[PDB]
$ cat input39.pdb   # PDB, N, CA and C atoms
ATOM      1  N   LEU A  40      -6.568  16.741  17.195  1.00  0.00           N
ATOM      2  CA  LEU A  40      -6.755  15.610  16.287  1.00  0.00           C
ATOM      3  C   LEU A  40      -6.724  16.057  14.816  1.00  0.00           C
ATOM      4  N   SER A  41      -6.704  17.392  14.541  1.00  0.00           N
ATOM      5  CA  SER A  41      -6.598  17.962  13.185  1.00  0.00           C
ATOM      6  C   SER A  41      -5.192  17.808  12.593  1.00  0.00           C
ATOM      7  N   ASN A  42      -4.179  17.570  13.454  1.00  0.00           N
ATOM      8  CA  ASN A  42      -2.832  17.157  13.029  1.00  0.00           C
ATOM      9  C   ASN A  42      -2.695  15.644  12.765  1.00  0.00           C
ATOM     10  N   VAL A  43      -3.597  14.799  13.304  1.00  0.00           N
ATOM     11  CA  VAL A  43      -3.624  13.369  12.965  1.00  0.00           C
ATOM     12  C   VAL A  43      -4.334  13.056  11.629  1.00  0.00           C
ATOM     13  N   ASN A  44      -5.352  13.858  11.255  1.00  0.00           N
ATOM     14  CA  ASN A  44      -6.089  13.687   9.995  1.00  0.00           C
ATOM     15  C   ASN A  44      -5.305  14.205   8.773  1.00  0.00           C
ATOM     16  N   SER A  45      -4.515  15.309   8.914  1.00  0.00           N
ATOM     17  CA  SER A  45      -3.691  15.823   7.806  1.00  0.00           C
ATOM     18  C   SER A  45      -2.394  14.997   7.571  1.00  0.00           C
ATOM     19  N   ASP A  46      -1.981  14.195   8.548  1.00  0.00           N
ATOM     20  CA  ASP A  46      -0.776  13.384   8.415  1.00  0.00           C
ATOM     21  C   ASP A  46      -1.093  12.016   7.818  1.00  0.00           C
ATOM     22  N   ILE A  47      -2.301  11.527   8.081  1.00  0.00           N
ATOM     23  CA  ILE A  47      -2.729  10.229   7.573  1.00  0.00           C
ATOM     24  C   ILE A  47      -2.702  10.194   6.049  1.00  0.00           C
ATOM     25  N   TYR A  48      -3.476  11.078   5.427  1.00  0.00           N
ATOM     26  CA  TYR A  48      -3.544  11.148   3.973  1.00  0.00           C
ATOM     27  C   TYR A  48      -2.157  11.312   3.360  1.00  0.00           C
ATOM     28  N   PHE A  49      -1.381  12.244   3.902  1.00  0.00           N
ATOM     29  CA  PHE A  49      -0.033  12.501   3.409  1.00  0.00           C
ATOM     30  C   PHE A  49       0.817  11.235   3.435  1.00  0.00           C
ATOM     31  N   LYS A  50       0.823  10.538   4.588  1.00  0.00           N
ATOM     32  CA  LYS A  50       1.617   9.297   4.731  1.00  0.00           C
ATOM     33  C   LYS A  50       1.164   8.258   3.755  1.00  0.00           C
ATOM     34  N   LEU A  51      -0.159   8.139   3.567  1.00  0.00           N
ATOM     35  CA  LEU A  51      -0.720   7.150   2.655  1.00  0.00           C
ATOM     36  C   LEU A  51      -0.318   7.427   1.209  1.00  0.00           C
ATOM     37  N   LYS A  52      -0.245   8.705   0.853  1.00  0.00           N
ATOM     38  CA  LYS A  52       0.128   9.105  -0.498  1.00  0.00           C
ATOM     39  C   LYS A  52       1.637   9.030  -0.707  1.00  0.00           C
ATOM     40  N   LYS A  53       2.384   9.037   0.392  1.00  0.00           N
ATOM     41  CA  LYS A  53       3.840   8.970   0.329  1.00  0.00           C
ATOM     42  C   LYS A  53       4.325   7.527   0.233  1.00  0.00           C
ATOM     43  N   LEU A  54       3.894   6.659   1.170  1.00  0.00           N
ATOM     44  CA  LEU A  54       4.273   5.262   1.192  1.00  0.00           C
ATOM     45  C   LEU A  54       3.761   4.516  -0.039  1.00  0.00           C
ATOM     46  N   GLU A  55       2.611   4.899  -0.626  1.00  0.00           N
ATOM     47  CA  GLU A  55       2.081   4.171  -1.808  1.00  0.00           C
ATOM     48  C   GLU A  55       2.860   4.439  -3.097  1.00  0.00           C
ATOM     49  N   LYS A  56       3.665   5.514  -3.141  1.00  0.00           N
ATOM     50  CA  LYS A  56       4.593   5.760  -4.253  1.00  0.00           C
ATOM     51  C   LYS A  56       5.782   4.798  -4.232  1.00  0.00           C
ATOM     52  N   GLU A  57       6.221   4.404  -3.019  1.00  0.00           N
ATOM     53  CA  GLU A  57       7.301   3.438  -2.782  1.00  0.00           C
ATOM     54  C   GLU A  57       6.854   1.960  -2.837  1.00  0.00           C
ATOM     55  N   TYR A  58       5.551   1.679  -2.661  1.00  0.00           N
ATOM     56  CA  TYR A  58       4.959   0.354  -2.860  1.00  0.00           C
ATOM     57  C   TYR A  58       4.345   0.181  -4.241  1.00  0.00           C
ATOM     58  N   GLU A  59       4.155   1.258  -5.004  1.00  0.00           N
ATOM     59  CA  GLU A  59       3.906   1.090  -6.424  1.00  0.00           C
ATOM     60  C   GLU A  59       5.159   0.609  -7.180  1.00  0.00           C
ATOM     61  N   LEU A  60       6.361   0.832  -6.622  1.00  0.00           N
ATOM     62  CA  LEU A  60       7.588   0.333  -7.234  1.00  0.00           C
ATOM     63  C   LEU A  60       7.858  -1.139  -6.889  1.00  0.00           C
ATOM     64  N   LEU A  61       7.306  -1.655  -5.769  1.00  0.00           N
ATOM     65  CA  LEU A  61       7.358  -3.095  -5.475  1.00  0.00           C
ATOM     66  C   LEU A  61       6.276  -3.932  -6.229  1.00  0.00           C
ATOM     67  N   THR A  62       5.198  -3.290  -6.796  1.00  0.00           N
ATOM     68  CA  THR A  62       4.169  -3.890  -7.701  1.00  0.00           C
ATOM     69  C   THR A  62       4.636  -3.985  -9.142  1.00  0.00           C
ATOM     70  N   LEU A  63       5.503  -3.060  -9.564  1.00  0.00           N
ATOM     71  CA  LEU A  63       6.304  -3.269 -10.763  1.00  0.00           C
ATOM     72  C   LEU A  63       7.209  -4.495 -10.601  1.00  0.00           C
ATOM     73  N   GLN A  64       7.697  -4.784  -9.372  1.00  0.00           N
ATOM     74  CA  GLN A  64       8.586  -5.938  -9.131  1.00  0.00           C
ATOM     75  C   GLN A  64       7.880  -7.247  -9.371  1.00  0.00           C
ATOM     76  N   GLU A  65       6.581  -7.269  -9.123  1.00  0.00           N
ATOM     77  CA  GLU A  65       5.800  -8.457  -9.391  1.00  0.00           C
ATOM     78  C   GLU A  65       5.769  -8.801 -10.892  1.00  0.00           C
ATOM     79  N   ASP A  66       5.452  -7.826 -11.764  1.00  0.00           N
ATOM     80  CA  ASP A  66       5.422  -8.104 -13.208  1.00  0.00           C
ATOM     81  C   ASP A  66       6.738  -8.641 -13.699  1.00  0.00           C
ATOM     82  N   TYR A  67       7.818  -8.098 -13.130  1.00  0.00           N
ATOM     83  CA  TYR A  67       9.174  -8.278 -13.626  1.00  0.00           C
ATOM     84  C   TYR A  67       9.766  -9.647 -13.275  1.00  0.00           C
ATOM     85  N   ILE A  68       9.561 -10.132 -12.045  1.00  0.00           N
ATOM     86  CA  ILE A  68      10.022 -11.473 -11.698  1.00  0.00           C
ATOM     87  C   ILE A  68       9.013 -12.583 -12.053  1.00  0.00           C
ATOM     88  N   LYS A  69       7.812 -12.237 -12.547  1.00  0.00           N
ATOM     89  CA  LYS A  69       6.903 -13.217 -13.142  1.00  0.00           C
ATOM     90  C   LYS A  69       7.364 -13.608 -14.561  1.00  0.00           C
ATOM     91  N   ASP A  70       7.824 -12.624 -15.346  1.00  0.00           N
ATOM     92  CA  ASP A  70       8.407 -12.840 -16.670  1.00  0.00           C
ATOM     93  C   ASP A  70       9.866 -13.324 -16.624  1.00  0.00           C
ATOM     94  N   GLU A  71      10.573 -13.044 -15.528  1.00  0.00           N
ATOM     95  CA  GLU A  71      11.964 -13.448 -15.393  1.00  0.00           C
ATOM     96  C   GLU A  71      12.070 -14.917 -15.059  1.00  0.00           C
ATOM     97  N   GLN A  72      11.219 -15.402 -14.149  1.00  0.00           N
ATOM     98  CA  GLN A  72      11.213 -16.835 -13.915  1.00  0.00           C
ATOM     99  C   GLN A  72      10.732 -17.597 -15.152  1.00  0.00           C
TER     100      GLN A  72
ATOM    101  N   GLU B  13     -14.246  17.438  18.847  1.00  0.00           N
ATOM    102  CA  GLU B  13     -13.561  16.143  18.799  1.00  0.00           C
ATOM    103  C   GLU B  13     -14.398  15.056  18.132  1.00  0.00           C
ATOM    104  N   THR B  14     -15.735  15.200  18.168  1.00  0.00           N
ATOM    105  CA  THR B  14     -16.637  14.233  17.535  1.00  0.00           C
ATOM    106  C   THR B  14     -16.954  14.563  16.056  1.00  0.00           C
ATOM    107  N   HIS B  15     -16.775  15.840  15.614  1.00  0.00           N
ATOM    108  CA  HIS B  15     -16.832  16.242  14.193  1.00  0.00           C
ATOM    109  C   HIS B  15     -15.569  15.800  13.429  1.00  0.00           C
ATOM    110  N   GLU B  16     -14.389  15.872  14.075  1.00  0.00           N
ATOM    111  CA  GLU B  16     -13.138  15.390  13.471  1.00  0.00           C
ATOM    112  C   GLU B  16     -13.003  13.849  13.443  1.00  0.00           C
ATOM    113  N   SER B  17     -13.831  13.097  14.223  1.00  0.00           N
ATOM    114  CA  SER B  17     -13.883  11.625  14.195  1.00  0.00           C
ATOM    115  C   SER B  17     -14.859  11.056  13.125  1.00  0.00           C
ATOM    116  N   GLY B  18     -15.851  11.822  12.640  1.00  0.00           N
ATOM    117  CA  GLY B  18     -16.743  11.335  11.587  1.00  0.00           C
ATOM    118  C   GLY B  18     -16.290  11.551  10.141  1.00  0.00           C
ATOM    119  N   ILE B  19     -15.513  12.620   9.864  1.00  0.00           N
ATOM    120  CA  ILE B  19     -14.854  12.844   8.547  1.00  0.00           C
ATOM    121  C   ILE B  19     -13.453  12.195   8.391  1.00  0.00           C
ATOM    122  N   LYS B  20     -12.954  11.437   9.424  1.00  0.00           N
ATOM    123  CA  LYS B  20     -11.608  10.841   9.521  1.00  0.00           C
ATOM    124  C   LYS B  20     -11.569   9.405   8.972  1.00  0.00           C
ATOM    125  N   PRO B  21     -12.629   8.563   9.127  1.00  0.00           N
ATOM    126  CA  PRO B  21     -12.617   7.251   8.435  1.00  0.00           C
ATOM    127  C   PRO B  21     -12.842   7.310   6.914  1.00  0.00           C
ATOM    128  N   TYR B  22     -13.241   8.474   6.371  1.00  0.00           N
ATOM    129  CA  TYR B  22     -13.459   8.678   4.933  1.00  0.00           C
ATOM    130  C   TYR B  22     -12.272   9.339   4.200  1.00  0.00           C
ATOM    131  N   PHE B  23     -11.389  10.056   4.943  1.00  0.00           N
ATOM    132  CA  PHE B  23     -10.006  10.341   4.520  1.00  0.00           C
ATOM    133  C   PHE B  23      -9.194   9.051   4.412  1.00  0.00           C
ATOM    134  N   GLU B  24      -9.472   8.129   5.350  1.00  0.00           N
ATOM    135  CA  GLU B  24      -8.821   6.878   5.522  1.00  0.00           C
ATOM    136  C   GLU B  24      -9.351   5.748   4.628  1.00  0.00           C
ATOM    137  N   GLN B  25     -10.517   5.915   4.001  1.00  0.00           N
ATOM    138  CA  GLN B  25     -11.107   4.893   3.138  1.00  0.00           C
ATOM    139  C   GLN B  25     -10.421   4.836   1.780  1.00  0.00           C
ATOM    140  N   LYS B  26     -10.009   6.004   1.268  1.00  0.00           N
ATOM    141  CA  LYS B  26      -9.270   6.090   0.005  1.00  0.00           C
ATOM    142  C   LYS B  26      -7.873   5.426   0.103  1.00  0.00           C
ATOM    143  N   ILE B  27      -7.165   5.626   1.243  1.00  0.00           N
ATOM    144  CA  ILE B  27      -5.822   5.075   1.551  1.00  0.00           C
ATOM    145  C   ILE B  27      -5.879   3.595   1.951  1.00  0.00           C
ATOM    146  N   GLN B  28      -7.004   3.141   2.514  1.00  0.00           N
ATOM    147  CA  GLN B  28      -7.173   1.746   2.905  1.00  0.00           C
ATOM    148  C   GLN B  28      -7.515   0.809   1.744  1.00  0.00           C
ATOM    149  N   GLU B  29      -7.931   1.328   0.570  1.00  0.00           N
ATOM    150  CA  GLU B  29      -8.062   0.513  -0.646  1.00  0.00           C
ATOM    151  C   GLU B  29      -6.694   0.116  -1.218  1.00  0.00           C
ATOM    152  N   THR B  30      -5.745   1.072  -1.258  1.00  0.00           N
ATOM    153  CA  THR B  30      -4.360   0.779  -1.648  1.00  0.00           C
ATOM    154  C   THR B  30      -3.667  -0.129  -0.631  1.00  0.00           C
ATOM    155  N   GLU B  31      -3.978  -0.049   0.724  1.00  0.00           N
ATOM    156  CA  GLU B  31      -3.391  -0.748   1.799  1.00  0.00           C
ATOM    157  C   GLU B  31      -3.709  -2.236   1.810  1.00  0.00           C
ATOM    158  N   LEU B  32      -4.973  -2.582   1.504  1.00  0.00           N
ATOM    159  CA  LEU B  32      -5.353  -3.994   1.386  1.00  0.00           C
ATOM    160  C   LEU B  32      -4.688  -4.671   0.205  1.00  0.00           C
ATOM    161  N   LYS B  33      -4.723  -4.008  -0.958  1.00  0.00           N
ATOM    162  CA  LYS B  33      -3.915  -4.432  -2.091  1.00  0.00           C
ATOM    163  C   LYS B  33      -2.502  -4.781  -1.621  1.00  0.00           C
ATOM    164  N   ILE B  34      -1.840  -3.836  -0.931  1.00  0.00           N
ATOM    165  CA  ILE B  34      -0.419  -3.952  -0.557  1.00  0.00           C
ATOM    166  C   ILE B  34      -0.174  -4.995   0.518  1.00  0.00           C
ATOM    167  N   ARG B  35      -1.222  -5.484   1.162  1.00  0.00           N
ATOM    168  CA  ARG B  35      -1.002  -6.642   1.993  1.00  0.00           C
ATOM    169  C   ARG B  35      -0.887  -7.920   1.156  1.00  0.00           C
ATOM    170  N   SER B  36      -1.595  -8.003   0.008  1.00  0.00           N
ATOM    171  CA  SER B  36      -1.637  -9.217  -0.827  1.00  0.00           C
ATOM    172  C   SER B  36      -0.544  -9.316  -1.887  1.00  0.00           C
ATOM    173  N   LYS B  37      -0.144  -8.198  -2.462  1.00  0.00           N
ATOM    174  CA  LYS B  37       1.045  -8.182  -3.299  1.00  0.00           C
ATOM    175  C   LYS B  37       2.287  -8.661  -2.531  1.00  0.00           C
ATOM    176  N   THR B  38       2.485  -8.174  -1.282  1.00  0.00           N
ATOM    177  CA  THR B  38       3.696  -8.488  -0.509  1.00  0.00           C
ATOM    178  C   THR B  38       3.816  -9.989  -0.316  1.00  0.00           C
ATOM    179  N   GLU B  39       2.734 -10.639   0.112  1.00  0.00           N
ATOM    180  CA  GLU B  39       2.746 -12.095   0.154  1.00  0.00           C
ATOM    181  C   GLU B  39       2.997 -12.656  -1.228  1.00  0.00           C
ATOM    182  N   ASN B  40       2.376 -12.055  -2.252  1.00  0.00           N
ATOM    183  CA  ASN B  40       2.403 -12.673  -3.574  1.00  0.00           C
ATOM    184  C   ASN B  40       3.755 -12.555  -4.266  1.00  0.00           C
ATOM    185  N   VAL B  41       4.470 -11.445  -4.057  1.00  0.00           N
ATOM    186  CA  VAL B  41       5.776 -11.244  -4.674  1.00  0.00           C
ATOM    187  C   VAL B  41       6.880 -11.971  -3.905  1.00  0.00           C
ATOM    188  N   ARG B  42       6.678 -12.312  -2.629  1.00  0.00           N
ATOM    189  CA  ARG B  42       7.571 -13.298  -2.000  1.00  0.00           C
ATOM    190  C   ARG B  42       7.199 -14.745  -2.348  1.00  0.00           C
ATOM    191  N   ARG B  43       5.939 -15.000  -2.755  1.00  0.00           N
ATOM    192  CA  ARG B  43       5.526 -16.328  -3.225  1.00  0.00           C
ATOM    193  C   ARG B  43       6.240 -16.686  -4.515  1.00  0.00           C
ATOM    194  N   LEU B  44       6.285 -15.753  -5.456  1.00  0.00           N
ATOM    195  CA  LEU B  44       7.026 -15.937  -6.691  1.00  0.00           C
ATOM    196  C   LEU B  44       8.521 -15.696  -6.549  1.00  0.00           C
ATOM    197  N   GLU B  45       8.985 -15.278  -5.380  1.00  0.00           N
ATOM    198  CA  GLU B  45      10.428 -15.220  -5.161  1.00  0.00           C
ATOM    199  C   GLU B  45      10.967 -16.594  -4.823  1.00  0.00           C
ATOM    200  N   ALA B  46      10.201 -17.359  -4.045  1.00  0.00           N
ATOM    201  CA  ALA B  46      10.627 -18.689  -3.641  1.00  0.00           C
ATOM    202  C   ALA B  46      10.711 -19.641  -4.842  1.00  0.00           C
ATOM    203  N   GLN B  47       9.659 -19.690  -5.674  1.00  0.00           N
ATOM    204  CA  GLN B  47       9.708 -20.497  -6.901  1.00  0.00           C
ATOM    205  C   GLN B  47      10.948 -20.145  -7.720  1.00  0.00           C
ATOM    206  N   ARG B  48      11.221 -18.839  -7.866  1.00  0.00           N
ATOM    207  CA  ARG B  48      12.284 -18.338  -8.739  1.00  0.00           C
ATOM    208  C   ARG B  48      13.665 -18.575  -8.148  1.00  0.00           C
ATOM    209  N   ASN B  49      13.742 -18.696  -6.824  1.00  0.00           N
ATOM    210  CA  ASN B  49      15.015 -18.951  -6.155  1.00  0.00           C
ATOM    211  C   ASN B  49      15.461 -20.381  -6.359  1.00  0.00           C
ATOM    212  N   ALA B  50      14.525 -21.373  -6.352  1.00  0.00           N
ATOM    213  CA  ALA B  50      14.800 -22.790  -6.537  1.00  0.00           C
ATOM    214  C   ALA B  50      15.166 -23.076  -7.947  1.00  0.00           C
ATOM    215  N   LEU B  51      14.579 -22.323  -8.935  1.00  0.00           N
ATOM    216  CA  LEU B  51      14.924 -22.415 -10.352  1.00  0.00           C
ATOM    217  C   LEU B  51      16.292 -21.796 -10.626  1.00  0.00           C
TER     218      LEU B  51
END
$ encode --input "input39.pdb" --output "structure tokens"
Amino acid sequence: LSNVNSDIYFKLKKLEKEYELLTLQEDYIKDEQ
Amino acid sequence: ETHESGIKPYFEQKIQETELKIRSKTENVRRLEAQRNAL
């Protein structure tokens, strides 16, 4: 289970870099409309 | 196996704050997509 705990944090830190770019999308189409 | 289960929801608590956010933005940025599509 020590391979499940080291992968969780990593995945969370990886996917949140790609969903921080979809939160920029919110600001941008709020001012565009 | 029981020592690795008590320090595992607190590795996961830091990542689950960003995760709840990301459930509500996703709905919210498709909410403003629909308004903007009709305009």
$ closest_atom_pairs --input "input39.pdb" --of "chain A" --to "chain B" --cutoff "8 Å" --atoms "only C-alpha atoms" --output "JSON lines"
{"residue": "A:40", "atom": "CA", "partner": "B:16", "partner_atom": "CA", "distance": 7.0}
{"residue": "A:41", "atom": "CA", "partner": "B:16", "partner_atom": "CA", "distance": 7.0}
{"residue": "A:44", "atom": "CA", "partner": "B:20", "partner_atom": "CA", "distance": 6.2}
{"residue": "A:47", "atom": "CA", "partner": "B:24", "partner_atom": "CA", "distance": 7.2}
{"residue": "A:48", "atom": "CA", "partner": "B:23", "partner_atom": "CA", "distance": 6.5}
{"residue": "A:51", "atom": "CA", "partner": "B:27", "partner_atom": "CA", "distance": 5.6}
{"residue": "A:52", "atom": "CA", "partner": "B:27", "partner_atom": "CA", "distance": 7.5}
{"residue": "A:55", "atom": "CA", "partner": "B:30", "partner_atom": "CA", "distance": 7.3}
{"residue": "A:58", "atom": "CA", "partner": "B:34", "partner_atom": "CA", "distance": 7.3}
{"residue": "A:62", "atom": "CA", "partner": "B:37", "partner_atom": "CA", "distance": 6.9}
{"residue": "A:64", "atom": "CA", "partner": "B:41", "partner_atom": "CA", "distance": 7.5}
{"residue": "A:65", "atom": "CA", "partner": "B:41", "partner_atom": "CA", "distance": 5.5}
{"residue": "A:68", "atom": "CA", "partner": "B:44", "partner_atom": "CA", "distance": 7.3}
{"residue": "A:69", "atom": "CA", "partner": "B:44", "partner_atom": "CA", "distance": 7.0}
{"residue": "A:72", "atom": "CA", "partner": "B:48", "partner_atom": "CA", "distance": 5.5}
$ atom_distance --input "input39.pdb" --atom1 "atom N of residue A:57" --atom2 "atom C of residue B:46"
24.5 Å
$ atom_distance --input "input39.pdb" --atom1 "atom N of residue B:32" --atom2 "atom N of residue A:66"
17.7 Å
$ closest_residue --input "input39.pdb" --among "A:56, A:61, A:71, A:50" --to "residue B:35" --atoms "only C-alpha atoms"
A:61
$ atom_distance --input "input39.pdb" --atom1 "atom CA of residue A:67" --atom2 "atom CA of residue B:50"
17.1 Å
